[PDB]
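One file, coords08.pdb, carrying PDB, C-alpha atoms and all ligand atoms:
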ATOM      1  CA  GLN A  25      -1.016 -48.280   9.702
ATOM      2  CA  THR A  26       0.974 -47.399  12.812
ATOM      3  CA  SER A  27       4.687 -46.722  12.310
ATOM      4  CA  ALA A  28       7.449 -47.223  14.868
ATOM      5  CA  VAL A  29       7.610 -43.430  15.149
ATOM      6  CA  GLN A  30       3.890 -43.180  15.834
ATOM      7  CA  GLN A  31       4.172 -45.948  18.419
ATOM      8  CA  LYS A  32       6.965 -44.069  20.201
ATOM      9  CA  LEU A  33       4.939 -40.853  20.217
ATOM     10  CA  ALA A  34       2.026 -42.768  21.727
ATOM     11  CA  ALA A  35       4.355 -44.110  24.425
ATOM     12  CA  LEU A  36       5.601 -40.595  25.156
ATOM     13  CA  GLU A  37       2.031 -39.298  25.299
ATOM     14  CA  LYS A  38       0.973 -42.052  27.683
ATOM     15  CA  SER A  39       3.788 -41.260  30.114
ATOM     16  CA  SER A  40       3.006 -37.535  29.840
ATOM     17  CA  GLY A  41      -0.589 -37.855  31.032
ATOM     18  CA  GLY A  42      -1.736 -35.363  28.403
ATOM     19  CA  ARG A  43      -2.707 -35.209  24.725
ATOM     20  CA  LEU A  44      -0.030 -34.797  22.047
ATOM     21  CA  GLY A  45      -0.377 -33.734  18.425
ATOM     22  CA  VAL A  46       2.435 -33.867  15.868
ATOM     23  CA  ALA A  47       2.798 -33.075  12.187
ATOM     24  CA  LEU A  48       6.036 -33.283  10.208
ATOM     25  CA  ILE A  49       6.569 -32.409   6.578
ATOM     26  CA  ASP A  50       9.911 -33.384   5.052
ATOM     27  CA  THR A  51      10.257 -31.028   2.098
ATOM     28  CA  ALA A  52      12.873 -33.232   0.442
ATOM     29  CA  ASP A  53      10.240 -35.760  -0.552
ATOM     30  CA  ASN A  54       7.032 -34.065   0.741
ATOM     31  CA  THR A  55       6.321 -37.018   3.024
ATOM     32  CA  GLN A  56       4.449 -36.503   6.275
ATOM     33  CA  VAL A  57       4.454 -38.020   9.737
ATOM     34  CA  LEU A  59       1.420 -37.354  11.902
ATOM     35  CA  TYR A  60       0.214 -38.179  15.378
ATOM     36  CA  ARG A  61      -3.336 -37.052  16.173
ATOM     37  CA  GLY A  62      -2.776 -34.955  13.049
ATOM     38  CA  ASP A  63      -6.456 -34.201  12.475
ATOM     39  CA  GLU A  64      -7.448 -33.561  16.096
ATOM     40  CA  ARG A  65      -7.964 -29.957  17.223
ATOM     41  CA  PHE A  66      -5.687 -28.242  19.733
ATOM     42  CA  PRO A  67      -5.664 -24.741  21.221
ATOM     43  CA  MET A  68      -3.097 -22.678  19.336
ATOM     44  CA  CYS A  69      -2.290 -20.135  22.024
ATOM     45  CA  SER A  70       0.587 -17.909  20.852
ATOM     46  CA  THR A  71       1.422 -20.116  17.855
ATOM     47  CA  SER A  72      -1.520 -18.253  16.277
ATOM     48  CA  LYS A  73       0.714 -15.162  16.204
ATOM     49  CA  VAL A  74       2.463 -16.498  13.099
ATOM     50  CA  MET A  75      -0.784 -16.300  11.143
ATOM     51  CA  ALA A  76      -1.517 -12.758  12.354
ATOM     52  CA  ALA A  77       1.969 -11.497  11.506
ATOM     53  CA  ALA A  78       1.826 -13.191   8.112
ATOM     54  CA  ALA A  79      -1.547 -11.571   7.401
ATOM     55  CA  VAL A  80      -0.066  -8.139   8.069
ATOM     56  CA  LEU A  81       2.930  -9.008   5.901
ATOM     57  CA  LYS A  82       0.479  -9.866   3.123
ATOM     58  CA  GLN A  83      -1.184  -6.478   3.560
ATOM     59  CA  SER A  84       2.237  -4.829   3.313
ATOM     60  CA  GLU A  85       2.725  -6.263  -0.186
ATOM     61  CA  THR A  86       0.409  -3.563  -1.537
ATOM     62  CA  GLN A  87       1.448  -0.925   1.012
ATOM     63  CA  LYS A  88       5.214  -0.385   1.015
ATOM     64  CA  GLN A  89       5.098   1.813   4.143
ATOM     65  CA  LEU A  90       2.675  -0.252   6.240
ATOM     66  CA  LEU A  91       5.342  -1.878   8.413
ATOM     67  CA  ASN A  92       6.536   1.619   9.337
ATOM     68  CA  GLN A  93       3.037   2.776  10.366
ATOM     69  CA  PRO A  94       2.809   3.829  14.027
ATOM     70  CA  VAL A  95       0.190   2.321  16.321
ATOM     71  CA  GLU A  96      -0.699   3.987  19.620
ATOM     72  CA  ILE A  97      -0.142   1.998  22.792
ATOM     73  CA  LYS A  98      -2.277   3.109  25.744
ATOM     74  CA  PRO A  99      -2.254   1.988  29.379
ATOM     75  CA  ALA A 100      -5.611   0.264  28.896
ATOM     76  CA  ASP A 101      -4.142  -1.809  26.065
ATOM     77  CA  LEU A 102      -1.830  -3.775  28.342
ATOM     78  CA  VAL A 103      -2.939  -7.341  29.044
ATOM     79  CA  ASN A 104      -1.287 -10.245  30.937
ATOM     80  CA  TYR A 105       2.129 -10.355  29.270
ATOM     81  CA  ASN A 106       3.530  -7.266  27.553
ATOM     82  CA  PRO A 107       7.330  -7.111  27.995
ATOM     83  CA  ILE A 108       7.853  -4.938  24.926
ATOM     84  CA  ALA A 109       4.632  -2.928  24.602
ATOM     85  CA  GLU A 110       4.721  -1.631  28.183
ATOM     86  CA  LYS A 111       7.887   0.264  27.256
ATOM     87  CA  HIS A 112       5.833   2.142  24.658
ATOM     88  CA  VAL A 113       2.765   3.060  26.698
ATOM     89  CA  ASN A 114       1.562   6.592  25.839
ATOM     90  CA  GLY A 115       3.712   6.247  22.740
ATOM     91  CA  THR A 116       3.670   4.176  19.571
ATOM     92  CA  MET A 117       5.053   1.001  18.030
ATOM     93  CA  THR A 118       5.287   0.377  14.289
ATOM     94  CA  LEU A 119       3.594  -2.651  12.769
ATOM     95  CA  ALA A 120       7.076  -4.116  12.196
ATOM     96  CA  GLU A 121       7.937  -3.599  15.860
ATOM     97  CA  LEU A 122       4.616  -5.139  16.840
ATOM     98  CA  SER A 123       5.229  -8.133  14.583
ATOM     99  CA  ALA A 124       8.720  -8.641  16.011
ATOM    100  CA  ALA A 125       7.526  -8.289  19.610
ATOM    101  CA  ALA A 126       4.619 -10.668  19.059
ATOM    102  CA  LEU A 127       6.766 -13.318  17.411
ATOM    103  CA  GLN A 128      10.123 -13.116  19.184
ATOM    104  CA  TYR A 129       8.944 -12.303  22.714
ATOM    105  CA  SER A 130       5.297 -13.452  22.496
ATOM    106  CA  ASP A 131       4.062 -10.001  23.551
ATOM    107  CA  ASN A 132       0.259 -10.236  23.853
ATOM    108  CA  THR A 133      -0.452  -6.525  23.508
ATOM    109  CA  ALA A 134       1.511  -6.652  20.259
ATOM    110  CA  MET A 135      -0.661  -9.538  19.041
ATOM    111  CA  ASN A 136      -3.823  -7.584  19.855
ATOM    112  CA  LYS A 137      -2.635  -4.724  17.660
ATOM    113  CA  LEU A 138      -1.974  -7.133  14.781
ATOM    114  CA  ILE A 139      -5.463  -8.560  15.224
ATOM    115  CA  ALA A 140      -6.980  -5.068  15.250
ATOM    116  CA  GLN A 141      -5.044  -4.146  12.091
ATOM    117  CA  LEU A 142      -6.756  -7.107  10.411
ATOM    118  CA  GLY A 143     -10.236  -6.124  11.607
ATOM    119  CA  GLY A 144     -10.558  -8.558  14.503
ATOM    120  CA  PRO A 145      -9.908 -12.281  14.994
ATOM    121  CA  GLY A 146     -11.981 -13.047  11.880
ATOM    122  CA  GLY A 147      -9.518 -11.113   9.725
ATOM    123  CA  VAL A 148      -6.833 -13.564  10.799
ATOM    124  CA  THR A 149      -9.109 -16.467   9.937
ATOM    125  CA  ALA A 150      -9.917 -14.868   6.585
ATOM    126  CA  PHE A 151      -6.228 -14.731   5.732
ATOM    127  CA  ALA A 152      -5.842 -18.401   6.636
ATOM    128  CA  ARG A 153      -8.622 -19.268   4.211
ATOM    129  CA  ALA A 154      -7.054 -17.112   1.499
ATOM    130  CA  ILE A 155      -3.864 -19.169   1.656
ATOM    131  CA  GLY A 156      -5.615 -22.540   1.644
ATOM    132  CA  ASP A 157      -6.057 -23.314   5.344
ATOM    133  CA  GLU A 158      -9.685 -24.347   5.946
ATOM    134  CA  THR A 159      -8.981 -25.499   9.514
ATOM    135  CA  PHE A 160      -7.458 -22.582  11.418
ATOM    136  CA  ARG A 161      -9.823 -20.394  13.392
ATOM    137  CA  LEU A 162      -9.179 -17.327  15.520
ATOM    138  CA  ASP A 163     -12.192 -16.277  17.573
ATOM    139  CA  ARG A 164     -10.895 -14.076  20.397
ATOM    140  CA  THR A 165      -8.201 -11.578  21.297
ATOM    141  CA  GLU A 166      -5.482 -11.771  23.947
ATOM    142  CA  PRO A 167      -5.557 -12.972  26.615
ATOM    143  CA  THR A 168      -8.771 -15.015  26.431
ATOM    144  CA  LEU A 169      -7.674 -16.895  23.284
ATOM    145  CA  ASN A 170      -5.436 -18.976  25.604
ATOM    146  CA  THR A 171      -8.183 -20.498  27.783
ATOM    147  CA  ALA A 172      -7.503 -23.798  26.005
ATOM    148  CA  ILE A 173     -10.610 -25.512  27.378
ATOM    149  CA  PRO A 174     -10.890 -29.164  26.314
ATOM    150  CA  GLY A 175     -13.533 -29.654  23.626
ATOM    151  CA  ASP A 176     -13.745 -25.914  22.852
ATOM    152  CA  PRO A 177     -13.269 -25.219  19.123
ATOM    153  CA  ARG A 178     -12.386 -21.549  19.599
ATOM    154  CA  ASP A 179      -8.825 -20.540  18.668
ATOM    155  CA  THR A 180      -7.863 -24.017  17.530
ATOM    156  CA  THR A 181      -6.326 -25.772  14.561
ATOM    157  CA  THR A 182      -4.961 -29.230  13.719
ATOM    158  CA  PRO A 183      -1.313 -30.253  13.545
ATOM    159  CA  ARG A 184      -1.728 -31.214   9.874
ATOM    160  CA  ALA A 185      -3.227 -27.871   8.896
ATOM    161  CA  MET A 186      -0.671 -25.790  10.759
ATOM    162  CA  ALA A 187       2.290 -27.712   9.340
ATOM    163  CA  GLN A 188       0.953 -27.231   5.810
ATOM    164  CA  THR A 189       0.378 -23.526   6.408
ATOM    165  CA  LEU A 190       3.761 -22.936   8.008
ATOM    166  CA  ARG A 191       5.383 -24.578   4.996
ATOM    167  CA  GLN A 192       3.503 -22.362   2.555
ATOM    168  CA  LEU A 193       4.300 -19.225   4.559
ATOM    169  CA  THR A 194       8.008 -19.829   5.169
ATOM    170  CA  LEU A 195       9.185 -22.008   2.269
ATOM    171  CA  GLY A 196       6.350 -21.643  -0.281
ATOM    172  CA  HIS A 197       4.688 -18.736  -2.013
ATOM    173  CA  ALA A 198       1.805 -17.706   0.217
ATOM    174  CA  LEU A 199       3.791 -14.505   0.783
ATOM    175  CA  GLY A 200       5.913 -12.360  -1.517
ATOM    176  CA  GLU A 201       9.631 -13.148  -1.500
ATOM    177  CA  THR A 202      10.651 -10.187   0.673
ATOM    178  CA  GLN A 203       7.800 -10.869   3.097
ATOM    179  CA  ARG A 204       8.661 -14.570   3.300
ATOM    180  CA  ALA A 205      12.236 -13.637   4.114
ATOM    181  CA  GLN A 206      11.075 -11.226   6.816
ATOM    182  CA  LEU A 207       8.893 -13.898   8.440
ATOM    183  CA  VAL A 208      11.787 -16.392   8.376
ATOM    184  CA  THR A 209      14.128 -13.777   9.890
ATOM    185  CA  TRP A 210      11.643 -13.118  12.698
ATOM    186  CA  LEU A 211      11.145 -16.816  13.463
ATOM    187  CA  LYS A 212      14.874 -17.548  13.448
ATOM    188  CA  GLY A 213      15.373 -14.779  16.005
ATOM    189  CA  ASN A 214      12.775 -16.101  18.437
ATOM    190  CA  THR A 215      13.917 -15.884  22.064
ATOM    191  CA  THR A 216      11.522 -18.403  23.612
ATOM    192  CA  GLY A 217      12.261 -21.690  21.885
ATOM    193  CA  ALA A 218      15.420 -23.353  23.184
ATOM    194  CA  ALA A 219      13.553 -25.733  25.523
ATOM    195  CA  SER A 220      10.963 -26.896  23.001
ATOM    196  CA  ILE A 221      11.379 -28.466  19.538
ATOM    197  CA  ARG A 222      14.973 -27.196  19.255
ATOM    198  CA  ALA A 223      15.956 -29.081  22.401
ATOM    199  CA  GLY A 224      15.069 -32.381  20.751
ATOM    200  CA  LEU A 225      17.052 -31.845  17.533
ATOM    201  CA  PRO A 226      20.770 -31.901  16.706
ATOM    202  CA  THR A 227      22.390 -28.615  17.711
ATOM    203  CA  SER A 228      24.002 -28.137  14.310
ATOM    204  CA  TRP A 229      20.540 -27.601  12.804
ATOM    205  CA  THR A 230      19.027 -24.151  12.318
ATOM    206  CA  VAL A 231      15.528 -23.618  13.698
ATOM    207  CA  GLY A 232      12.939 -20.859  13.372
ATOM    208  CA  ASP A 233       9.961 -21.334  15.709
ATOM    209  CA  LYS A 234       7.027 -19.852  17.585
ATOM    210  CA  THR A 235       6.036 -21.265  20.976
ATOM    211  CA  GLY A 236       2.652 -21.251  22.674
ATOM    212  CA  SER A 237       1.493 -21.498  26.290
ATOM    213  CA  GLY A 238      -1.929 -21.401  27.914
ATOM    214  CA  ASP A 240      -4.300 -22.838  30.469
ATOM    215  CA  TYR A 241      -4.622 -26.623  30.810
ATOM    216  CA  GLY A 242      -0.830 -26.686  30.761
ATOM    217  CA  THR A 243      -1.028 -26.136  27.032
ATOM    218  CA  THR A 244       2.487 -26.204  25.603
ATOM    219  CA  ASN A 245       3.049 -25.733  21.882
ATOM    220  CA  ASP A 246       5.713 -25.074  19.280
ATOM    221  CA  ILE A 247       5.691 -24.735  15.507
ATOM    222  CA  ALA A 248       8.990 -24.723  13.658
ATOM    223  CA  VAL A 249      10.731 -24.561  10.322
ATOM    224  CA  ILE A 250      13.991 -26.495  10.427
ATOM    225  CA  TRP A 251      17.099 -26.424   8.264
ATOM    226  CA  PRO A 252      18.995 -29.605   9.090
ATOM    227  CA  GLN A 254      22.620 -30.253   8.234
ATOM    228  CA  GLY A 255      22.902 -32.024   4.880
ATOM    229  CA  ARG A 256      19.260 -32.080   3.777
ATOM    230  CA  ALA A 257      16.177 -30.160   2.698
ATOM    231  CA  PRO A 258      14.145 -28.193   5.257
ATOM    232  CA  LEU A 259      11.544 -29.696   7.553
ATOM    233  CA  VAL A 260       8.364 -28.286   9.062
ATOM    234  CA  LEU A 261       7.314 -29.597  12.465
ATOM    235  CA  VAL A 262       4.362 -28.812  14.711
ATOM    236  CA  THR A 263       4.103 -30.158  18.261
ATOM    237  CA  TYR A 264       0.961 -29.457  20.299
ATOM    238  CA  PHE A 265       0.355 -30.570  23.861
ATOM    239  CA  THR A 266      -2.506 -30.017  26.305
ATOM    240  CA  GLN A 267      -3.462 -31.511  29.663
ATOM    241  CA  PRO A 268      -6.626 -32.448  31.596
ATOM    242  CA  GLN A 269      -6.272 -29.991  34.521
ATOM    243  CA  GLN A 270      -6.830 -26.261  34.073
ATOM    244  CA  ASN A 271      -3.856 -25.366  36.257
ATOM    245  CA  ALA A 272      -1.398 -27.876  34.786
ATOM    246  CA  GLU A 273       2.251 -26.841  34.496
ATOM    247  CA  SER A 274       4.164 -26.297  31.248
ATOM    248  CA  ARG A 275       5.791 -29.349  29.642
ATOM    249  CA  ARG A 276       8.255 -28.101  27.042
ATOM    250  CA  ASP A 277      10.268 -31.285  27.647
ATOM    251  CA  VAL A 278       7.432 -33.255  26.051
ATOM    252  CA  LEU A 279       7.754 -31.202  22.866
ATOM    253  CA  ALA A 280      11.519 -31.774  22.867
ATOM    254  CA  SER A 281      10.911 -35.498  23.342
ATOM    255  CA  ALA A 282       8.508 -35.553  20.391
ATOM    256  CA  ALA A 283      10.990 -33.722  18.182
ATOM    257  CA  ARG A 284      13.734 -36.178  19.200
ATOM    258  CA  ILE A 285      11.554 -39.140  18.210
ATOM    259  CA  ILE A 286      10.778 -37.485  14.886
ATOM    260  CA  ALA A 287      14.446 -36.752  14.200
ATOM    261  CA  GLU A 288      15.515 -40.277  15.101
ATOM    262  CA  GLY A 289      12.955 -41.519  12.565
ATOM    263  CA  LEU A 290      14.475 -39.627   9.636
TER     264      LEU A 290
HETATM  265  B1  LIG B 301       1.478 -17.244  24.166
HETATM  266  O1  LIG B 301       0.812 -18.563  24.204
HETATM  267  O2  LIG B 301       2.958 -17.440  24.321
HETATM  268  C1  LIG B 301       0.866 -16.237  25.275
HETATM  269  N1  LIG B 301       0.863 -16.832  26.627
HETATM  270  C2  LIG B 301       0.114 -16.470  27.660
HETATM  271  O3  LIG B 301      -0.529 -15.465  27.544
HETATM  272  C3  LIG B 301       0.366 -17.302  28.892
HETATM  273  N2  LIG B 301       1.521 -17.407  29.477
HETATM  274  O4  LIG B 301       2.562 -16.691  28.932
HETATM  275  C4  LIG B 301       3.731 -16.589  29.822
HETATM  276  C5  LIG B 301       3.349 -15.544  30.875
HETATM  277  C6  LIG B 301       4.790 -15.942  28.938
HETATM  278  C7  LIG B 301       4.136 -17.961  30.286
HETATM  279  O5  LIG B 301       4.338 -18.060  31.524
HETATM  280  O6  LIG B 301       4.134 -18.944  29.479
HETATM  281  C8  LIG B 301      -0.800 -17.854  29.613
HETATM  282  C9  LIG B 301      -2.081 -17.533  29.237
HETATM  283  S1  LIG B 301      -3.159 -18.474  30.165
HETATM  284  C10 LIG B 301      -1.819 -19.256  30.895
HETATM  285  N3  LIG B 301      -1.940 -20.199  31.847
HETATM  286  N4  LIG B 301      -0.639 -18.776  30.595
END
Hey, can you dump this file as C-alpha cells for me?
Ligand SMILES: *[B]([O])([O])[C][N]C(=O)/C(=N\OC([C])([C])C([O])=O)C1=[C]SC([N])=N1
Amino acid sequence: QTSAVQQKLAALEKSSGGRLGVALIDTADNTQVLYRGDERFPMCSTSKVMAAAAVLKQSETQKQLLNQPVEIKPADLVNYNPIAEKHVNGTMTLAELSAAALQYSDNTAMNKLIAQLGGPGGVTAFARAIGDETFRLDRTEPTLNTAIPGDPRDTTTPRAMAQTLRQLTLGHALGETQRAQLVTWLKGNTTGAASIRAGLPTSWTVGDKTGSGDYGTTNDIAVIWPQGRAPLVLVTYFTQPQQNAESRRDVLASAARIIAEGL
C-alpha cells in the first residue's frame, strides 16, 4: 500500500536529509493522499490559523469583537513583530491582530489572539470543539517554535491539520461570513510564494499559512483552487535533525509538485 506518489515523496525526503509529512484532501471526491500522515510535527506559525479561527468563532456571538482594541506594550514584543511594533503604546483591533498574525506571521499578534482565548489551552479547546482531537497548543510565542524532536508540545499531524483546514475554510466549522474572512486572510498571505505555491501551476489560486522554527522546521498549510476542478487542501510539514538547520521551503514546493503531478 505504497503509491507512486508516496514513493516519490519518500525519495524527496531521503535526499532532503529531514522528515517530511504530507496530507492532501481532494474535495472533488474526498480522497486523500498521505505521507507520514499520522506522525506528529511541530506546527510553528501554522498554528496561527487555529487561533484566528477560534477568535472568529467567538465573533459569531459578538458582532463588535473584531473591532475591539487590544493594548500593545513594549514588553509585549517578542522575536518577530513587524506589525505590532508600529502600535507599541497604542492598540490593535482583534481583526488587525488576526490579519497581522496570518498575513505577516507577527508573533506578538499571535500572543494577543492566544490571550483572547484564555491561553494556549483555549486554542486547543477550539480545535476539539470542531472535531480535531490531535492538535495541541501548549505555549505562547516564541517558545512554541522550539520544534524539538520527540517533543509533543505544539504539534499536530498532517492528517488532522488537513481535515481541520478543510472544515474551517470550505466546510461549516465557522459561520459563512467568518469562513469568508478566514479565506480572504489566507489568500492575502505575504509569506507563501516559495512554499506550496511554488510547486503548483501558477494559474491556481492559493490561500496559505507558512511556519518556521528551530530544527530548520519549514511548514505550509494551504487551501487551493485549481483551474478546472474542485478545491484541494494540502499540508506540508518538514523538520530536520540539527537545531540550527536552515529553512527548506524548496522541499515543500517539491512535495506540492509531486502531489500535483499525481492528480
Ligand atoms: B512562524 O513559524 O512563522 C514564527 N516564526 C518564528 O518565530 C521564527 N522565524 O521567523 C522568521 C524570523 C520570520 C523567519 O526567519 O522565518 C523562528 C522561531 S525559532 C526559529 N529558528 N525561527
Please check which protein, DNA or RNA residues sit within 7 Å of ligand LIG 301 (chain B), counting all atoms listed in the file, and write them as a list in words.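 Answer in the requested format: residues 69, 70, 71, 104, 105, 130, 132, 167, 170, 171, 235, 236, 237, 238, 240 and 242 of chain A.
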Note to self: Report, in Å to a single decimal, how far apart atom CA of residue 247 of chain A and atom CA of residue 95 of chain A are.
What the structure shows: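 Atom CA of residue 95 of chain A sits 27.6 Å away from atom CA of residue 247 of chain A.
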Practice task
With the file shown as input, list the residues that the PyMOL selection byres (((chain A and resi 112-119) around 12) and not hetatm) selects, as a ChimeraX atom specification.
Solution key: /A:76-81,83-84,89-102,106-111,120-126,133-142
task: Translate the PyMOL selection byres (((chain A and resi 38-49) around 7) and not hetatm), as applied to the file shown, into an explicit residue set as number ranges by chain.
output: A: 34-37, 50-51, 54-57, 59-62, 183-184, 187, 259-268
Residues matched by the PyMOL selection byres (((chain A and resi 275) around 8) and not hetatm), written as a VMD selection string | chain A and resid 242 to 244 273 to 274 276 to 279
Practice prompt. Give me, please, the distance in Å between atom CA of residue 63 of chain A and atom CA of residue 215 of chain A, quoted to one decimal.
Written response: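 Computing the Euclidean distance for atom CA of residue 63 of chain A and atom CA of residue 215 of chain A yields 29.0 Å.
Here atom CA of residue 233 of chain A is placed at a distance of 5.2 Å from atom CA of residue 211 of chain A.
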My list of candidates is A:163, A:201, A:246, A:157. Which is closest to residue 127 of chain A when distances are computed with all atoms listed in the file?
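Ranked by minimum distance to residue 127 of chain A, first place goes to A:246.
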For residue 249 of chain A, the closest of A:206, A:195, A:200, A:270 counting only C-alpha atoms is A:195
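Distance annotation: of A:72, A:159, A:230, A:87, the residue with the minimal separation from residue 213 of chain A is A:230; atom set is all atoms listed in the file.
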- Item | Among listed residues A:82, A:65, A:204, A:88, nearest residue 161 of chain A (using all atoms listed in the file) |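 Selected residue with least distance to residue 161 of chain A: A:65.
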Can you tell me which residues surround residue 162 of chain A at a distance of at most 7 Å, considering all atoms listed in the file, apart from same-chain residues fewer than 6 positions away, and format the answer as number ranges by chain? A: 145-146, 148-149, 178-179
The residue from A:85, A:27, A:73, A:33 with the smallest atom-to-atom distance to residue 199 of chain A, counting all atoms listed in the file, is A:85
Q.
Excluding residue 175 of chain A and its own-chain neighbours fewer than 2 positions away, which residues fall within 9 Å of it when counting only C-alpha atoms? Please give them as number ranges by chain.
A. A: 65-66, 172-173, 177
Residues from the last selection, C-alpha atoms, saved as a PDB file, keeping the file's coordinate frame:
ATOM      1  CA  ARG A  65      -7.964 -29.957  17.223  1.00  0.00           C
ATOM      2  CA  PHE A  66      -5.687 -28.242  19.733  1.00  0.00           C
ATOM      3  CA  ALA A 172      -7.503 -23.798  26.005  1.00  0.00           C
ATOM      4  CA  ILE A 173     -10.610 -25.512  27.378  1.00  0.00           C
ATOM      5  CA  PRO A 177     -13.269 -25.219  19.123  1.00  0.00           C
TER       6      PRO A 177
END
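Minimum atom-to-atom distance to residue 250 of chain A, evaluated using only C-alpha atoms, belongs to A:222 out of A:234, A:164, A:222, A:284.
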Would you mind writing segment 234-260 of chain A with N, CA and C atoms, as a tab-separated table (two decimals), keeping the file's coordinate frame?
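Now in out26.tsv:
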chain	number	residue	atom	x	y	z
A	234	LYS	N	7.92	-20.64	16.76
A	234	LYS	CA	7.03	-19.85	17.58
A	234	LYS	C	6.36	-20.78	18.61
A	235	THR	N	6.59	-20.49	19.88
A	235	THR	CA	6.04	-21.26	20.98
A	235	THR	C	4.63	-20.79	21.33
A	236	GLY	N	3.95	-21.60	22.14
A	236	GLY	CA	2.65	-21.25	22.67
A	236	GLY	C	2.49	-21.82	24.08
A	237	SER	N	1.81	-21.09	24.93
A	237	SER	CA	1.49	-21.50	26.29
A	237	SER	C	0.10	-21.02	26.68
A	238	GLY	N	-0.60	-21.81	27.49
A	238	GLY	CA	-1.93	-21.40	27.91
A	238	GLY	C	-2.42	-22.21	29.10
A	240	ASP	N	-3.70	-22.04	29.41
A	240	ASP	CA	-4.30	-22.84	30.47
A	240	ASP	C	-4.30	-24.31	30.06
A	241	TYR	N	-4.66	-25.17	31.00
A	241	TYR	CA	-4.62	-26.62	30.81
A	241	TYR	C	-3.22	-27.09	30.45
A	242	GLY	N	-2.23	-26.37	30.98
A	242	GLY	CA	-0.83	-26.69	30.76
A	242	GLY	C	-0.52	-26.84	29.29
A	243	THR	N	-1.22	-26.04	28.48
A	243	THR	CA	-1.03	-26.14	27.03
A	243	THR	C	0.36	-25.61	26.68
A	244	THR	N	1.10	-26.43	25.95
A	244	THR	CA	2.49	-26.20	25.60
A	244	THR	C	2.72	-26.57	24.14
A	245	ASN	N	3.01	-25.57	23.32
A	245	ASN	CA	3.05	-25.73	21.88
A	245	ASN	C	4.32	-25.16	21.26
A	246	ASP	N	4.63	-25.65	20.06
A	246	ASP	CA	5.71	-25.07	19.28
A	246	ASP	C	5.49	-25.44	17.81
A	247	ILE	N	5.72	-24.46	16.95
A	247	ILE	CA	5.69	-24.74	15.51
A	247	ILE	C	7.00	-24.22	14.92
A	248	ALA	N	7.64	-25.03	14.10
A	248	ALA	CA	8.99	-24.72	13.66
A	248	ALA	C	9.23	-25.05	12.19
A	249	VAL	N	10.09	-24.25	11.59
A	249	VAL	CA	10.73	-24.56	10.32
A	249	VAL	C	12.19	-24.88	10.64
A	250	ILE	N	12.68	-25.97	10.07
A	250	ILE	CA	13.99	-26.50	10.43
A	250	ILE	C	14.87	-26.68	9.20
A	251	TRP	N	16.12	-26.24	9.33
A	251	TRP	CA	17.10	-26.42	8.26
A	251	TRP	C	18.21	-27.33	8.78
A	252	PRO	N	18.03	-28.63	8.59
A	252	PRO	CA	19.00	-29.60	9.09
A	252	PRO	C	20.30	-29.55	8.29
A	254	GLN	N	21.36	-30.02	8.92
A	254	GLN	CA	22.62	-30.25	8.23
A	254	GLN	C	22.44	-31.35	7.19
A	255	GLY	N	22.83	-31.07	5.96
A	255	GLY	CA	22.90	-32.02	4.88
A	255	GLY	C	21.62	-32.39	4.18
A	256	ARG	N	20.50	-31.72	4.45
A	256	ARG	CA	19.26	-32.08	3.78
A	256	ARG	C	18.26	-30.93	3.72
A	257	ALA	N	17.22	-31.15	2.92
A	257	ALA	CA	16.18	-30.16	2.70
A	257	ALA	C	15.45	-29.80	3.99
A	258	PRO	N	14.85	-28.61	4.05
A	258	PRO	CA	14.14	-28.19	5.26
A	258	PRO	C	12.98	-29.10	5.65
A	259	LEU	N	12.66	-29.02	6.94
A	259	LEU	CA	11.54	-29.70	7.55
A	259	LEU	C	10.60	-28.66	8.17
A	260	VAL	N	9.34	-29.05	8.30
A	260	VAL	CA	8.36	-28.29	9.06
A	260	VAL	C	7.80	-29.22	10.13
